[PDB]
Amino acid sequence: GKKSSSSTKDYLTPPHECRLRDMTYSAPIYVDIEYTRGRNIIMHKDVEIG
Amino acid sequence: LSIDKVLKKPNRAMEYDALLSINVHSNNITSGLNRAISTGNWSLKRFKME
Amino acid sequence: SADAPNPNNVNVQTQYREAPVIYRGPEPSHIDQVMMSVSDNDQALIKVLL
Amino acid sequence: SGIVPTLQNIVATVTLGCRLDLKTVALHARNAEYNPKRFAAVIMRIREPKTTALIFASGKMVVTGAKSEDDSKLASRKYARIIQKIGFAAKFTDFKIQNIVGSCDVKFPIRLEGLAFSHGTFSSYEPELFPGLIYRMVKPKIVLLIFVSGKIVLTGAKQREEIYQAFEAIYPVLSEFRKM
Amino acid sequence: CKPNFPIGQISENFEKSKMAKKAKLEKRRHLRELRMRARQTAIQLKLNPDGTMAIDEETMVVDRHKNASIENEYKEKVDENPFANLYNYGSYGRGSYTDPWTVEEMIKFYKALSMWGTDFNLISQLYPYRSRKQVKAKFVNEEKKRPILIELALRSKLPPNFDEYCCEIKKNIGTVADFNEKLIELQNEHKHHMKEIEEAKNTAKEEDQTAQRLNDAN
Amino acid sequence: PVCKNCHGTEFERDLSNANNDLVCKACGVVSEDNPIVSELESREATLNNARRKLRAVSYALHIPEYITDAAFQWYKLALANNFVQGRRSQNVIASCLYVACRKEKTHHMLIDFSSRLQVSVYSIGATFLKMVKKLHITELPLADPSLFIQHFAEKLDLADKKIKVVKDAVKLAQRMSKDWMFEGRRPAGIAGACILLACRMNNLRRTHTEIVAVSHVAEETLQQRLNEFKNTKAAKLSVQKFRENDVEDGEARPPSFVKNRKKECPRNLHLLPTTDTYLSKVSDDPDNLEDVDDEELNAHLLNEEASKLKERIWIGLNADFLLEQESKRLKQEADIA
Ligand SMILES: [Zn+2]
């Protein structure tokens with residue numbers, strides 16, 4: 001659902017608006033990560049994975 | 001295995017960043033979930049049962 | 001429908017053969033509402049409801 | 001305005017009947033440039049007639065950096081006069097020429113994206129990689145780059161004469177764009 | 001109300017846009033810090049009372065990650081704001097900004113260009129951390145701005161004001177050795193060591209011929 | 001197709017009573033009754049791999065699926081014509097995809113391909129130019145900058161009145177179109193300062209960093225655009241006020257010849273200086289060269305005592321000819337080994 005930067009509810013395609021277009025009614029998965037870039041490790045938030 | 005296919009390079013080990021190539025693999029989560037709900041058969045691996 | 005793209009502009013003015021949608025059925029029915037919209041990927045939809 | 005387009009830089013090579021050794025021409029010359037790992041030849045830099053001398057190990061040699069065609073000829077055999085010092089033959093037969101670049105200025109701002117639509121079935125450009133356009137002409141078999149400032153650079157010229165009738169031929173195709 | 005920077009309404013969520021612009025000021029600045037200072041694991045065993053001289057199960061193999069783990073731990077931990085990793089056309093490309101030249105280095109350059117003709121091989125080491133490419137870019141630069149001093153460099157073909165004899169040896173004082181033949185003597189040592197190797201190799205070739213004939217007859 | 005009695009060419013499939021016969025309207029003789037319903041390996045392997053590449057980037061940049069399949073024939077004809085050999089596999093398929101994305105006239109730039117690949121724009125752009133002119137692509141859409149305004153806003157996360165920032169902007173881009181600034185400049189550049197100025201008068205979204213994080217063009221190269229259009233004509237009228245309904249053309253001044261304003265019967269056959277008068281200048285002596293002599297290039301030679309002076313420095317900077325020598329001593333060594 002929501003991020004950590006805006007942290008609002010959401011803006012979402014409504015369900016009856018979603019069944020008239022053959023779309024899926026869905027919400028994105030957000031993760032947070034830290035990893036080894038190089039000289040220094042880096043922690044990056046809200047990566048879209050699905 | 002998409003990481004070390006790049007990390008098997010002498011030059012490509014300092015400035016290489018990993019989140020650039022995350023979105024090629026993200027599409028197997030969405031298309032995995034939507035195909036297993038429409039066509040109602042779930043092809044698992046851990047229990048190997050259909 | 002399946003030929004390779006010729007990168008030019010020579011003979012493209014009349015290439016459309018017909019393939020309409022015919023109302024079968026043994027009784028006359030009315031057209032209630034017909035809408036047109038687009039799906040998740042930009043490929044247009046037509047949904048008429050008798 | 002009957003202008004004349006000036007010709008900035010020639011190239012020309014001559015074959016030589018003697019094989020060149022790199023030690024005996026670089027370690028005891030004046031404008032010594034011979035890095036072995038960087039490049040496999042030697043360059044001379046002399047300021048009259050402001051030309052450059054590019055050589056090869058196998059014997060051949062290519063001259064570049066002159067203004068006029070006669071100015072390259074005295075340039076090309078002053079370079080072999082240093083080859084007269086070391087005990088080498090320096091046997092040239094064909095003073096072959098394969099490129100001369102030229103520039104121009106006609107000084108009136110024009111559209112160039114209209115001819116990418118107008119004369120766009122033959123010649124084209126890319127805006128976000130090079131700010132000028134790249135124009136082509138089969139009738140002399142030449143390429144040329146045009147601009148928005150009105151200047152045109154003429155390159156790829158195999159013969160000196162080959163672009164002189166081309167430069168007047170390419171001129172009227174700009175004139176229909178008066179950006180009315 | 002000009003088109004350059006009016007503050008004019010709500011402007012929500014600009015605190016990360018402001019501070020990442022302010023943080024780039026130092027990323028370019030500490031490049032200026034480093035330029036001015038540039039100028040100037042076997043196998044282990046044990047003594048068990050039960051089993052004496054026993055070999056242990058764990059150090060038989062190595063992890064290859066624990067020595068990498070401690071290397072990572074004293075690294076900087078940064079929280080990424082999506083405005084930092086901004087890229088443009090000037091990204092992932094060649095080149096840098098050369099330090100603008102000084103009048104101190106002019107008298108080290110034109111005298112090197114008066115004695116020699118134009119020899120970029122040894123000027124490159126005279127300027128210790130400058131490279132071969134931009135001194136050639138300086139050569140084409142000084143043709144256009146000062147077109148008369150390259151003539152004076154060309155015209156003067158003689159010994160100059162003979163002050164360069166120290167500058168002759170100022171180059172020649174770094175690692176004083178007779179390189180005309182000191183390069184020869186250790187190269188002689190290099191082939192001398194190789195001349196050992198074939199003797200160590202070819203005597204190892206003949207020990208193969210005596211053993212492989214011995215079990216043939218056996 | 002042709003009847004046996006009237007020899008007409010038009011037939012009418014009659015489905016009025018579930019017979020589905022085939023018959024003409026001339027005579028009425030059925031044409032057919034009882035309808036019959038329809039109830040290298042290494043060269044294949046080098047495109048099965050190359051099909052994963054095109055679906056890789058198209059999943060990433062949200063390229064919809066009617067371009068990947070359109071992109072493959074451009075790869076397929078370039079496969080046969082010896083274009084894939086030598087060059088990088090991952091460097092040709094993005095250049096091949098951009099041909100398919102240009103033909104559709106879609107909002108995708110060229111640098112969104114390269115930034116994933118972490119190479120320069122000019123690396124992948126150079127192998128794009130050797131694709132288009134080699135493989136005879138004549139017709140092509142132009143990089144229309146009016147496409148890029150409509151796609152910038154949605155991930156920019158501006159206000160919910162996202163139409164007035166667009167309706168004002170394309171009318172500014174139409175105003176920008178007739179006016180003379182973008183002709184050799186960048187499509188993403190001049191379209192990256194209009195939506196700055198269109199959102200200027202309504203919001204405080206202009207901080208020159210959130211729009212640069214969208215346009216991926218440098219911060220100071222769009223302020224140059226804002227200094228440019230202010231000083232062409234009739235923009236001093238539209239600095240602070242003056243409701244956006246002006247209808248003018250004005251003068252035409254692109255800044256390339258404005259810098260040239262700071263700097264200060266046809267032709268006959270034999271009127272031009274030729275080349276063959278210049279060939280016969282110097283005698284063409286192939287063995288001798290002693291007719292073009294001088295006095296200073298005769299002195300162009302070494303300082304005779306100062307050879308081993310410079311050679312000792314030249315051998316003191318030397319490490320290649322050492323490295324060259326033991327490789328010669330090893331090629332003999334590995335020959336018998
Ligand atoms: Zn019939």
# chains A, B, ... in the order shown; residues from 1 in each chain; ligands from 1
>>> residues_around(residues="region 169-186 of chain E", least_positions_apart="4", cutoff="9 Å", atoms="only C-alpha atoms", output="JSON, numbers by chain")
{"E": [126, 164, 165, 190, 191], "F": [308, 311, 312, 313, 315, 316, 322]}
>>> residues_near_ligand(ligand="ligand 1", cutoff="9 Å", atoms="only C-alpha atoms and all ligand atoms", output="VMD selection string")
chain F and resid 2 to 11 23 to 31
>>> interface_residues(of="chain E", to="chain D", cutoff="12 Å", atoms="only C-alpha atoms", output="list in words")
residues 89, 113, 114, 115, 116, 117, 118, 119, 120, 121, 122, 123, 132, 133, 136, 139, 140, 143, 147, 148, 150, 151, 152, 153, 154, 155 and 157 of chain E
>>> write_last_selection(atoms="N, CA, C and O atoms", output="mmCIF file, in the first residue's frame")
data_model
loop_
_atom_site.group_PDB
_atom_site.id
_atom_site.type_symbol
_atom_site.label_atom_id
_atom_site.label_comp_id
_atom_site.auth_asym_id
_atom_site.auth_seq_id
_atom_site.Cartn_x
_atom_site.Cartn_y
_atom_site.Cartn_z
ATOM 1 N N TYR E 89 23.269 13.917 -18.882
ATOM 2 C CA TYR E 89 24.120 13.527 -20.001
ATOM 3 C C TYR E 89 25.590 13.500 -19.607
ATOM 4 O O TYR E 89 26.356 12.683 -20.130
ATOM 5 N N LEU E 113 59.930 23.624 -23.939
ATOM 6 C CA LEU E 113 59.530 23.742 -25.333
ATOM 7 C C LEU E 113 60.522 24.548 -26.164
ATOM 8 O O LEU E 113 60.460 24.501 -27.397
ATOM 9 N N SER E 114 61.442 25.269 -25.522
ATOM 10 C CA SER E 114 62.541 25.916 -26.229
ATOM 11 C C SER E 114 63.729 24.985 -26.441
ATOM 12 O O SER E 114 64.333 24.994 -27.519
ATOM 13 N N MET E 115 64.082 24.181 -25.437
ATOM 14 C CA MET E 115 65.193 23.247 -25.597
ATOM 15 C C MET E 115 64.811 22.112 -26.540
ATOM 16 O O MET E 115 65.413 21.944 -27.607
ATOM 17 N N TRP E 116 63.812 21.321 -26.160
ATOM 18 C CA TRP E 116 63.291 20.298 -27.048
ATOM 19 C C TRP E 116 62.356 20.931 -28.076
ATOM 20 O O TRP E 116 61.870 22.052 -27.904
ATOM 21 N N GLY E 117 62.107 20.198 -29.157
ATOM 22 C CA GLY E 117 61.207 20.696 -30.177
ATOM 23 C C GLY E 117 59.755 20.728 -29.747
ATOM 24 O O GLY E 117 59.202 21.801 -29.488
ATOM 25 N N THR E 118 59.127 19.554 -29.665
ATOM 26 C CA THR E 118 57.895 19.376 -28.896
ATOM 27 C C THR E 118 57.822 17.909 -28.474
ATOM 28 O O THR E 118 57.417 17.047 -29.259
ATOM 29 N N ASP E 119 58.226 17.632 -27.236
ATOM 30 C CA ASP E 119 58.434 16.262 -26.772
ATOM 31 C C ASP E 119 57.601 16.006 -25.518
ATOM 32 O O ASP E 119 58.038 16.278 -24.397
ATOM 33 N N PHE E 120 56.391 15.483 -25.716
ATOM 34 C CA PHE E 120 55.409 15.358 -24.646
ATOM 35 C C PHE E 120 55.710 14.186 -23.721
ATOM 36 O O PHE E 120 55.058 14.053 -22.680
ATOM 37 N N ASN E 121 56.676 13.338 -24.085
ATOM 38 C CA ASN E 121 56.980 12.141 -23.306
ATOM 39 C C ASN E 121 57.561 12.493 -21.943
ATOM 40 O O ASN E 121 57.168 11.912 -20.925
ATOM 41 N N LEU E 122 58.498 13.441 -21.900
ATOM 42 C CA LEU E 122 59.192 13.777 -20.664
ATOM 43 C C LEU E 122 58.606 14.994 -19.965
ATOM 44 O O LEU E 122 58.899 15.211 -18.785
ATOM 45 N N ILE E 123 57.800 15.796 -20.664
ATOM 46 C CA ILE E 123 57.045 16.840 -19.981
ATOM 47 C C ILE E 123 55.999 16.211 -19.069
ATOM 48 O O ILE E 123 55.672 16.761 -18.011
ATOM 49 N N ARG E 132 49.308 12.850 -20.350
ATOM 50 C CA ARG E 132 49.789 13.095 -21.706
ATOM 51 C C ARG E 132 48.764 13.821 -22.572
ATOM 52 O O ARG E 132 49.149 14.500 -23.530
ATOM 53 N N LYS E 133 47.474 13.710 -22.248
ATOM 54 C CA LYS E 133 46.427 14.205 -23.135
ATOM 55 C C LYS E 133 46.233 15.714 -23.018
ATOM 56 O O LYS E 133 46.121 16.408 -24.036
ATOM 57 N N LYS E 136 48.876 18.106 -24.384
ATOM 58 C CA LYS E 136 48.662 18.257 -25.820
ATOM 59 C C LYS E 136 47.485 19.180 -26.114
ATOM 60 O O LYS E 136 47.506 19.914 -27.110
ATOM 61 N N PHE E 139 48.852 22.509 -25.754
ATOM 62 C CA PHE E 139 49.695 22.886 -26.885
ATOM 63 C C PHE E 139 48.865 23.519 -27.996
ATOM 64 O O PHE E 139 49.267 24.530 -28.584
ATOM 65 N N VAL E 140 47.703 22.934 -28.295
ATOM 66 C CA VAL E 140 46.797 23.511 -29.284
ATOM 67 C C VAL E 140 46.146 24.775 -28.736
ATOM 68 O O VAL E 140 45.785 25.680 -29.499
ATOM 69 N N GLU E 143 48.501 27.925 -29.227
ATOM 70 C CA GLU E 143 48.582 28.402 -30.602
ATOM 71 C C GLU E 143 47.580 29.522 -30.853
ATOM 72 O O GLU E 143 47.899 30.512 -31.522
ATOM 73 N N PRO E 147 49.783 33.394 -30.392
ATOM 74 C CA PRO E 147 50.355 32.784 -31.601
ATOM 75 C C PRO E 147 51.800 33.169 -31.864
ATOM 76 O O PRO E 147 52.402 32.633 -32.805
ATOM 77 N N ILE E 148 52.375 34.073 -31.072
ATOM 78 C CA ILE E 148 53.712 34.588 -31.340
ATOM 79 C C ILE E 148 54.790 33.918 -30.491
ATOM 80 O O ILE E 148 55.963 33.914 -30.896
ATOM 81 N N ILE E 150 54.881 30.634 -29.696
ATOM 82 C CA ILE E 150 55.242 29.365 -30.320
ATOM 83 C C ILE E 150 56.171 29.596 -31.507
ATOM 84 O O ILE E 150 56.969 28.719 -31.861
ATOM 85 N N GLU E 151 56.097 30.775 -32.130
ATOM 86 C CA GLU E 151 57.111 31.154 -33.108
ATOM 87 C C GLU E 151 58.458 31.390 -32.439
ATOM 88 O O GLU E 151 59.495 30.943 -32.942
ATOM 89 N N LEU E 152 58.463 32.092 -31.302
ATOM 90 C CA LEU E 152 59.711 32.330 -30.585
ATOM 91 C C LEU E 152 60.287 31.037 -30.023
ATOM 92 O O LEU E 152 61.511 30.907 -29.905
ATOM 93 N N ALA E 153 59.430 30.074 -29.676
ATOM 94 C CA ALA E 153 59.923 28.754 -29.298
ATOM 95 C C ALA E 153 60.523 28.027 -30.496
ATOM 96 O O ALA E 153 61.510 27.295 -30.355
ATOM 97 N N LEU E 154 59.942 28.217 -31.683
ATOM 98 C CA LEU E 154 60.487 27.584 -32.880
ATOM 99 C C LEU E 154 61.758 28.283 -33.341
ATOM 100 O O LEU E 154 62.713 27.628 -33.777
ATOM 101 N N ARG E 155 61.788 29.615 -33.253
ATOM 102 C CA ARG E 155 62.891 30.383 -33.822
ATOM 103 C C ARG E 155 64.183 30.142 -33.052
ATOM 104 O O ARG E 155 65.252 29.981 -33.654
ATOM 105 N N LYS E 157 66.803 28.273 -31.782
ATOM 106 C CA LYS E 157 67.452 26.969 -31.951
ATOM 107 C C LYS E 157 68.935 27.162 -31.642
ATOM 108 O O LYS E 157 69.764 27.331 -32.539
#
>>> residues_around(residues="region 36-39 of chain C", least_positions_apart="4", cutoff="9 Å", atoms="only C-alpha atoms", output="list in words")
residues 20, 21, 22 and 23 of chain A; 43, 44, 45, 46, 47 and 48 of chain C
>>> write_last_selection(atoms="N, CA and C atoms", output="mmCIF file, in the first residue's frame")
data_model
loop_
_atom_site.group_PDB
_atom_site.id
_atom_site.type_symbol
_atom_site.label_atom_id
_atom_site.label_comp_id
_atom_site.auth_asym_id
_atom_site.auth_seq_id
_atom_site.Cartn_x
_atom_site.Cartn_y
_atom_site.Cartn_z
ATOM 1 N N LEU A 20 -14.612 -2.742 -15.751
ATOM 2 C CA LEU A 20 -15.070 -2.342 -17.074
ATOM 3 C C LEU A 20 -13.933 -2.211 -18.079
ATOM 4 N N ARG A 21 -12.697 -2.522 -17.681
ATOM 5 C CA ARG A 21 -11.537 -2.358 -18.548
ATOM 6 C C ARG A 21 -10.682 -3.619 -18.617
ATOM 7 N N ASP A 22 -11.149 -4.724 -18.035
ATOM 8 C CA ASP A 22 -10.395 -5.976 -17.954
ATOM 9 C C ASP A 22 -9.016 -5.762 -17.329
ATOM 10 N N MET A 23 -8.992 -5.014 -16.231
ATOM 11 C CA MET A 23 -7.791 -4.817 -15.436
ATOM 12 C C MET A 23 -7.913 -5.576 -14.122
ATOM 13 N N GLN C 43 -4.566 -0.408 -25.584
ATOM 14 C CA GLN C 43 -5.134 -1.205 -26.669
ATOM 15 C C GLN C 43 -6.644 -1.200 -26.472
ATOM 16 N N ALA C 44 -7.366 -0.586 -27.407
ATOM 17 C CA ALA C 44 -8.701 -0.083 -27.110
ATOM 18 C C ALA C 44 -9.691 -1.225 -26.912
ATOM 19 N N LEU C 45 -10.741 -0.943 -26.142
ATOM 20 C CA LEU C 45 -11.798 -1.900 -25.864
ATOM 21 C C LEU C 45 -13.132 -1.388 -26.390
ATOM 22 N N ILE C 46 -13.999 -2.329 -26.759
ATOM 23 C CA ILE C 46 -15.385 -2.053 -27.120
ATOM 24 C C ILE C 46 -16.256 -3.041 -26.359
ATOM 25 N N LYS C 47 -17.251 -2.536 -25.627
ATOM 26 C CA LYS C 47 -18.155 -3.415 -24.877
ATOM 27 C C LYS C 47 -19.595 -2.922 -25.012
ATOM 28 N N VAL C 48 -20.302 -3.455 -26.002
ATOM 29 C CA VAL C 48 -21.715 -3.165 -26.220
ATOM 30 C C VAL C 48 -22.539 -4.184 -25.443
#
>>> atom_distance(atom1="CA of residue 94 (chain E)", atom2="CA of residue 124 (chain F)")
14.6 Å
>>> interface_residues(of="chain B", to="chain E", cutoff="12 Å", atoms="only C-alpha atoms", output="ChimeraX atom specification")
/B:15-17,19-20
>>> residues_around(residues="region 260-272 of chain F", least_positions_apart="4", cutoff="12 Å", atoms="only C-alpha atoms", output="MDAnalysis selection string")
(chainID D and resid 1:5 105:109 148:151 160:161 163:165 167:169 171:172) or (chainID F and resid 253:256 276:277)
>>> closest_atom_pairs(of="chain C", to="chain F", cutoff="12 Å", atoms="only C-alpha atoms", output="JSON lines")
{"residue": "C:2", "atom": "CA", "partner": "F:70", "partner_atom": "CA", "distance": 10.5}
{"residue": "C:3", "atom": "CA", "partner": "F:73", "partner_atom": "CA", "distance": 9.6}
{"residue": "C:4", "atom": "CA", "partner": "F:73", "partner_atom": "CA", "distance": 6.5}
{"residue": "C:5", "atom": "CA", "partner": "F:73", "partner_atom": "CA", "distance": 7.3}
{"residue": "C:6", "atom": "CA", "partner": "F:137", "partner_atom": "CA", "distance": 9.4}
{"residue": "C:7", "atom": "CA", "partner": "F:137", "partner_atom": "CA", "distance": 5.9}
{"residue": "C:8", "atom": "CA", "partner": "F:139", "partner_atom": "CA", "distance": 6.2}
{"residue": "C:9", "atom": "CA", "partner": "F:139", "partner_atom": "CA", "distance": 7.7}
{"residue": "C:10", "atom": "CA", "partner": "F:139", "partner_atom": "CA", "distance": 11.2}
{"residue": "C:22", "atom": "CA", "partner": "F:15", "partner_atom": "CA", "distance": 11.0}
{"residue": "C:23", "atom": "CA", "partner": "F:15", "partner_atom": "CA", "distance": 11.5}
{"residue": "C:24", "atom": "CA", "partner": "F:15", "partner_atom": "CA", "distance": 9.0}
{"residue": "C:25", "atom": "CA", "partner": "F:16", "partner_atom": "CA", "distance": 9.8}
{"residue": "C:26", "atom": "CA", "partner": "F:16", "partner_atom": "CA", "distance": 9.4}
{"residue": "C:39", "atom": "CA", "partner": "F:64", "partner_atom": "CA", "distance": 11.3}
{"residue": "C:40", "atom": "CA", "partner": "F:64", "partner_atom": "CA", "distance": 9.2}
{"residue": "C:41", "atom": "CA", "partner": "F:64", "partner_atom": "CA", "distance": 5.9}
{"residue": "C:42", "atom": "CA", "partner": "F:64", "partner_atom": "CA", "distance": 7.6}
{"residue": "C:43", "atom": "CA", "partner": "F:66", "partner_atom": "CA", "distance": 9.0}
>>> write_last_selection(atoms="N, CA, C and O atoms", output="mmCIF file, in the first residue's frame")
data_model
loop_
_atom_site.group_PDB
_atom_site.id
_atom_site.type_symbol
_atom_site.label_atom_id
_atom_site.label_comp_id
_atom_site.auth_asym_id
_atom_site.auth_seq_id
_atom_site.Cartn_x
_atom_site.Cartn_y
_atom_site.Cartn_z
ATOM 1 N N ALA C 2 0.924 -10.575 -40.769
ATOM 2 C CA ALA C 2 2.120 -11.167 -40.186
ATOM 3 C C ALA C 2 3.373 -10.916 -41.018
ATOM 4 O O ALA C 2 4.418 -11.510 -40.724
ATOM 5 N N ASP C 3 3.308 -10.064 -42.038
ATOM 6 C CA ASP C 3 4.465 -9.837 -42.889
ATOM 7 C C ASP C 3 5.454 -8.899 -42.203
ATOM 8 O O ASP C 3 5.102 -8.127 -41.308
ATOM 9 N N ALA C 4 6.709 -8.976 -42.636
ATOM 10 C CA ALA C 4 7.748 -8.171 -42.017
ATOM 11 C C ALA C 4 7.566 -6.696 -42.377
ATOM 12 O O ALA C 4 7.098 -6.366 -43.470
ATOM 13 N N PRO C 5 7.924 -5.787 -41.468
ATOM 14 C CA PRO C 5 7.773 -4.350 -41.751
ATOM 15 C C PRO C 5 8.760 -3.906 -42.822
ATOM 16 O O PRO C 5 9.975 -3.965 -42.623
ATOM 17 N N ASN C 6 8.235 -3.462 -43.961
ATOM 18 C CA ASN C 6 9.087 -2.864 -44.981
ATOM 19 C C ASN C 6 9.308 -1.396 -44.636
ATOM 20 O O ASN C 6 8.355 -0.606 -44.650
ATOM 21 N N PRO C 7 10.541 -0.988 -44.320
ATOM 22 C CA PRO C 7 10.769 0.401 -43.861
ATOM 23 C C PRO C 7 10.709 1.423 -44.992
ATOM 24 O O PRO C 7 11.704 2.040 -45.386
ATOM 25 N N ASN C 8 9.512 1.617 -45.537
ATOM 26 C CA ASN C 8 9.304 2.570 -46.620
ATOM 27 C C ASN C 8 7.847 3.019 -46.595
ATOM 28 O O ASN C 8 7.123 2.787 -45.622
ATOM 29 N N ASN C 9 7.417 3.671 -47.676
ATOM 30 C CA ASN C 9 6.017 4.070 -47.840
ATOM 31 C C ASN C 9 5.713 4.000 -49.338
ATOM 32 O O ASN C 9 5.942 4.963 -50.075
ATOM 33 N N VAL C 10 5.194 2.854 -49.776
ATOM 34 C CA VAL C 10 4.977 2.622 -51.200
ATOM 35 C C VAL C 10 3.516 2.300 -51.496
ATOM 36 O O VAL C 10 2.831 3.064 -52.187
ATOM 37 N N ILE C 22 -21.977 -10.001 -36.212
ATOM 38 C CA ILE C 22 -23.359 -10.158 -36.651
ATOM 39 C C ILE C 22 -24.192 -10.622 -35.466
ATOM 40 O O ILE C 22 -23.817 -11.571 -34.766
ATOM 41 N N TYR C 23 -25.320 -9.950 -35.241
ATOM 42 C CA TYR C 23 -26.292 -10.375 -34.240
ATOM 43 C C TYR C 23 -27.081 -11.562 -34.777
ATOM 44 O O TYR C 23 -27.906 -11.411 -35.685
ATOM 45 N N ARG C 24 -26.831 -12.742 -34.219
ATOM 46 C CA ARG C 24 -27.682 -13.896 -34.456
ATOM 47 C C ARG C 24 -28.781 -13.928 -33.393
ATOM 48 O O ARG C 24 -29.000 -12.954 -32.667
ATOM 49 N N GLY C 25 -29.486 -15.050 -33.287
ATOM 50 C CA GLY C 25 -30.562 -15.173 -32.334
ATOM 51 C C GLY C 25 -31.923 -15.097 -32.995
ATOM 52 O O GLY C 25 -32.101 -14.450 -34.032
ATOM 53 N N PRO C 26 -32.915 -15.759 -32.403
ATOM 54 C CA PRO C 26 -34.230 -15.891 -33.047
ATOM 55 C C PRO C 26 -35.238 -14.806 -32.696
ATOM 56 O O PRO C 26 -36.391 -14.910 -33.126
ATOM 57 N N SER C 39 -7.683 -0.438 -22.000
ATOM 58 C CA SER C 39 -7.317 -1.382 -20.955
ATOM 59 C C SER C 39 -6.033 -0.901 -20.275
ATOM 60 O O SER C 39 -5.637 0.259 -20.416
ATOM 61 N N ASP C 40 -5.376 -1.787 -19.524
ATOM 62 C CA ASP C 40 -4.187 -1.405 -18.766
ATOM 63 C C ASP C 40 -3.043 -1.023 -19.699
ATOM 64 O O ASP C 40 -2.389 0.010 -19.510
ATOM 65 N N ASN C 41 -2.789 -1.847 -20.711
ATOM 66 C CA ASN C 41 -1.941 -1.474 -21.836
ATOM 67 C C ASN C 41 -2.792 -0.875 -22.948
ATOM 68 O O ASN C 41 -3.929 -1.299 -23.177
ATOM 69 N N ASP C 42 -2.234 0.124 -23.634
ATOM 70 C CA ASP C 42 -3.016 1.048 -24.455
ATOM 71 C C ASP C 42 -3.470 0.334 -25.725
ATOM 72 O O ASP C 42 -2.867 0.435 -26.797
ATOM 73 N N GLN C 43 -4.566 -0.408 -25.584
ATOM 74 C CA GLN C 43 -5.134 -1.205 -26.669
ATOM 75 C C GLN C 43 -6.644 -1.200 -26.472
ATOM 76 O O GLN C 43 -7.139 -1.744 -25.481
#
>>> interface_residues(of="chain D", to="chain F", cutoff="8 Å", atoms="only C-alpha atoms", output="VMD selection string")
chain D and resid 27 to 30 36 to 37 69 to 70 73 to 74 77 to 78 80 to 82 90 to 93 107 to 109 111 to 113 120 to 124 127 to 132 147 to 150 160 to 161
>>> interface_residues(of="chain A", to="chain B", cutoff="8 Å", atoms="only C-alpha atoms", output="list in words")
residues 24, 37, 38, 48, 49 and 50 of chain A
>>> write_last_selection(atoms="C-alpha atoms", output="JSON list (two decimals), in the first residue's frame")
[["chain", "number", "residue", "atom", "x", "y", "z"],
["A", 24, "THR", "CA", -6.77, -6.43, -12.16],
["A", 37, "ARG", "CA", 26.94, -0.16, -3.38],
["A", 38, "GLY", "CA", 30.69, 0.30, -3.15],
["A", 48, "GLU", "CA", 8.56, -1.62, -6.26],
["A", 49, "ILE", "CA", 8.77, -5.42, -6.61],
["A", 50, "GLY", "CA", 5.20, -6.33, -7.55]]
>>> closest_residue(among="A:13, A:35, A:5, A:43", to="chain C", atoms="only C-alpha atoms")
A:13
>>> select_by_dssp(residues="region 23-153 of chain D", states="strand (DSSP E)", output="ChimeraX atom specification")
/D:43-45,52-55,61-64,96-105,133-137,142-146,151-153
>>> select_by_dssp(residues="region 128-238 of chain F", states="alpha helix (DSSP H)", output="PyMOL selection string")
chain F and resi 128-132+146-156+164-178+187-190+194-198+212-215+220-230
>>> atom_distance(atom1="CA of residue 158 (chain D)", atom2="CA of residue 98 (chain D)")
4.5 Å
>>> closest_atom_pairs(of="chain F", to="chain B", cutoff="7 Å", atoms="only C-alpha atoms", output="Markdown table")
| residue | atom | partner | partner_atom | distance |
| --- | --- | --- | --- | --- |
| F:56 | CA | B:24 | CA | 5.2 |
| F:57 | CA | B:24 | CA | 6.7 |
| F:59 | CA | B:24 | CA | 5.6 |
| F:60 | CA | B:23 | CA | 4.9 |
| F:116 | CA | B:20 | CA | 5.4 |
>>> write_last_selection(atoms="C-alpha atoms", output="CSV table (one decimal), in the first residue's frame")
chain,number,residue,atom,x,y,z
F,56,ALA,CA,13.9,-7.8,-20.1
F,57,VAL,CA,14.0,-4.1,-20.8
F,59,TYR,CA,9.2,-5.2,-18.4
F,60,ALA,CA,11.4,-2.5,-16.8
F,116,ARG,CA,20.1,1.1,-16.6
